[PDB]
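For reference, the chain that follows is the form deposited in one PDB entry, supplied as structure tokens.
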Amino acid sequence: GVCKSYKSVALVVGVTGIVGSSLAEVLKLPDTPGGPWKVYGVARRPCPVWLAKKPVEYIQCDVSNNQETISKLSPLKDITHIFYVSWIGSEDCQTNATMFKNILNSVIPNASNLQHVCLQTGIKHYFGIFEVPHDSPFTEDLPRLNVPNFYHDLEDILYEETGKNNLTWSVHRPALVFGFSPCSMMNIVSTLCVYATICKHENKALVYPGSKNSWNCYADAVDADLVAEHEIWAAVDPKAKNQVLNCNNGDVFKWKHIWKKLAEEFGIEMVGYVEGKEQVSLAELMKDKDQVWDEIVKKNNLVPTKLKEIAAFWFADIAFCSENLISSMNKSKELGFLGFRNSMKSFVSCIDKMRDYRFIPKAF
């Protein structure tokens, strides 16, 4: 029969990532703006089984290799929108820049109907890198800090390449992401579910390892599905074009309240913040747990994951010494994007979803 017709064709670079995996779902929903969408999903690893059960055309490609990327993406003549939702896993400015340049150099000369490039960075734009920050609430008019942030390099490539080629652009700066991918290098919900699961397995309480300040302060986050919706909005709506845009759930929460919910969701005792205690390292608490995780996977018949891949304990340790990082959604709301989530409900939805996918044990 005949070749299928699509209104829009997405290239999702980082399709196994915390946002890319949500784009793989949201782009294929019937009422999604710009649909019907065809989705090409790029990542470096072989396609996981969980993603092979989705109507996404997977392209295995190391996007840090220019020749390989040209070979794999230059045939894709029908792309209309690029969603760059990847990073190399370190803060190296040049390796990250190379990945994004390779996508653009392979696609721009070959996709005659290309319209738009979405670049995903983050709120680290406002306060620095992990290796003086702005005061908050963070707004998109704040200037770059004088530090070597790879986000700066990615933006500079975006502006140059889109300007030369009459393409529109958007920069998306999500808050901390609440999502479900077990292949992410920075997935807080999965990290905390894994910790809770190990505590439950060992008959131990859910002990909060963080700082006092992070227990009590206001924090914010963004559901991965909302980031997907926001990127799609900017890809399709002329009002959003050529803009830098924050993305968060629209509300605030406290880790104190999340912690209680996490313990309830796993049916275990909570030990909250104890007055006078200093933060301890969750990465250190978990450093010898690789074989315990392997045993838990086997006992619960989970999708097989390596502990350091499903969990990022180092990233929880950063979250638990952070404060004063709230970002503003006013610019997006003023431009007409009114999407939101209840963050407490979002956190629980992500636990539910990871259980459905068999990444984390069911409640017992």
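What we label the rigid core is the largest C-alpha set whose atoms superpose within 1.5 Å from one form to the other. From 1 onward, residues are counted along the sequence shown.
- According to the record, the deposited sequence contains no missing residues between residue 278 and residue 279, so the chain is continuous there.
- Per the PDB record, of the two stretches 295-303 and 330-338, 295-303 carries the greater mean B-factor over its C-alpha atoms.
- Per the PDB record, of the two stretches 204-212 and 175-183, 204-212 carries the greater mean B-factor over its C-alpha atoms.
- Across the residues 123, 222, 274, 117, the deposited record lists the maximum Cα B factor for 274.
- Set against one another, the Cα B-factors of 229, 155, 288, 251 in the record reach their highest point at 288.
- Annotation for residue 159: CA B-factor lies in the middle third of the chain's modelled residues.
- Sort the chain's modelled residues by C-alpha temperature factor and residue 320 lands in the middle third, per the entry.
- Compared with the other modelled residues of the chain, the Cα B-factor recorded for residue 41 ranks in the lowest third.
- Annotation for residue 130: CA B-factor lies in the highest third of the chain's modelled residues.
- In the deposited entry, the Cα temperature factor of residue 63 sits in the middle third of values across the chain's modelled residues.
Not on display, but discussed next: the form deposited in another entry.
- Annotation: the position in 79, 244, 207, 145 displaced by at least 2 Å at CA between the shown form and the other one, with the core superposed, corresponds to 145.
- Annotation: Cα of residue 126 displaced by at least 2 Å between the shown form and the other one, core superposition.
- When two forms of a protein are overlaid on their rigid core, residues whose CA moves 2 Å or more are considered shifted, and residue 158 is not one of them between the shown form and the other one.
- After superposing the rigid core, the Cα of residue 108 is displaced by less than 2 Å between the shown form and the other one.
- Put simply, residue 337 and residue 126 spread apart in that other deposited form: their C-alpha atoms are 3 Å or more farther than in the form shown.
- An increase of at least 3 Å in the separation of the C-alpha atoms of residue 126 and residue 245 is found in that other deposited form, compared with the displayed form.
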